[PDB]
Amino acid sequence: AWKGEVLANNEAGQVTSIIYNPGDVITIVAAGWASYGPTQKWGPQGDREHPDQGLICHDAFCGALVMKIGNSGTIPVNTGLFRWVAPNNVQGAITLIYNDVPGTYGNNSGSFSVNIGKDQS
């Protein structure tokens, strides 16, 4: 299993120790509070109201937790994933990233605490 923190102001995201292999079943639970700029903070699903001005993940809200598996496109995580299997032809290290617009991470604050483990399959 892997446990760690993803900072909202880290545009590169945090690589985890989890290498996703074909057929792996994984669980993710994310918690905590972060902001893309405003004084209000949001949970790992982000801010439902905020328009999309070029987010790294168009399938999630601004301020949501997303991931890459190896060199994949962004995948929404939000609060987490329950005994989840990735699409065909996605494999490699899981990287966790705060969903914001490239070049706009400098005014971000807070972080999410994340647990990931592989499940029985």
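Don't overthink the numbering: it's just position in the shown sequence, from 1. Think of the rigid core as the biggest set of C-alphas that the two forms share within 1.5 Å after superposition.
A fit on the rigid core, followed by a root mean square over CA positions in 9 other deposited structures of this protein, ranks 86 to 94 against 47 to 55 and picks 86 to 94 as the more shifted one. For the pair 49 to 57 and 83 to 91, the mean Cα B-factor is higher in 83 to 91. Among all modelled residues in its chain, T74 ranks in the middle third by Cα B-factor. In the deposited entry, the Cα temperature factor of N107 sits in the top third of values across the chain's modelled residues. When the CA B factors of the chain's modelled residues are split into thirds, the value for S17 lands in the highest one.
Placement of the Cα temperature factor of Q40 within the chain: highest third of the modelled residues, per the deposited record. For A1, the recorded CA B-factor ranks within the highest third of the chain. Only modelled residues enter the ranking.
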